[PDB]
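Quick heads-up: it's one chain on its own, the form deposited in one PDB entry, in structure tokens.
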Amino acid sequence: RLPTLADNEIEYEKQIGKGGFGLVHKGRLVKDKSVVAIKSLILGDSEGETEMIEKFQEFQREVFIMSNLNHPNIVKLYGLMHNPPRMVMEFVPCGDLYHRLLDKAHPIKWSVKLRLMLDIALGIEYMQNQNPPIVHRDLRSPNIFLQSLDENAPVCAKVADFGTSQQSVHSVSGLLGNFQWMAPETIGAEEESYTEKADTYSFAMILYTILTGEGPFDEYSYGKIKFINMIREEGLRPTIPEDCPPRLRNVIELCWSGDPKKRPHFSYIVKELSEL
């Protein structure tokens, strides 16, 4: 169930849109004075081929997945708008995890890192406890939005951008692109199936990037085919630093296991991370 907002129920402020299927605007709900992000669906008729205009299904997939999710560590969908088709999402004020980690002169302090780690873990835990489980398929640092970087804040990090997300009681397949973040069983061929355990692998890469501030696999340089082979067949993984807490190292290593079934349930992951 998703409520409908009219053009008068919200007021626009500005644009900040790097949108995949349109434009993103900042705005406010007239009722709450609540700050809000507006994601529009813009079909460029003078832009793309009839196969490219299948970004409609992405906008759709997002709406469908978002309508069932209600968790503090997942970006909330307030409602839907028409003409154009628009998603009304809560505004997350501190940017995303990818851009914040680029700032080397200002490293995130240890306690805040843990808040971020646990925040994302709780979000994904929620996703995997759904019936059927939510497979995000695009878990990476740009898709983690930062609510606050204060260690005592209610919510520090939120999971976002469920556009390529799949929710099926059966098996899910499809070759994914962004290989440095994605499970080995998702990057080799479309001809093989995978589960929500792929997200558990992606999460390990997110744990690594928070811990080191560095891009996963940035320490290596291979051609695409050689890179995919190493990850799949030779167990190529980013190097966990020697000073990393023993319990965090174990969580990361189990979460990026080549064998998907060895990647832990998030009840275990949350518990382990909370002991850090």
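Definition used throughout: the rigid core is the maximal C-alpha set that superposes within 1.5 Å between two forms. Numbering starts at 1 and runs along the sequence shown.
A second form of this protein, the form deposited in another entry, is not displayed here; the remarks below concern that form.
Visitor: Might you check 48, 235, 245, 213 and identify the only one whose CA position changes by 2 Å or more between the shown form and the other one on rigid-core superposition?
Guide: Flagged residue: 48.
Visitor: Based on a C-alpha change of 3 angstroms or more, tell me if residue 48 and residue 15 lie closer or farther in that other deposited form than in the shown form.
Guide: Compared with the shown chain, residue 48-residue 15 is farther in that other deposited form.
Visitor: Against the shown form, C-alpha atoms of residue 52 and residue 184 in that other deposited form: closer or farther, for a change of 3 Å or more?
Guide: More distant in that other deposited form, by 3 Å or more.
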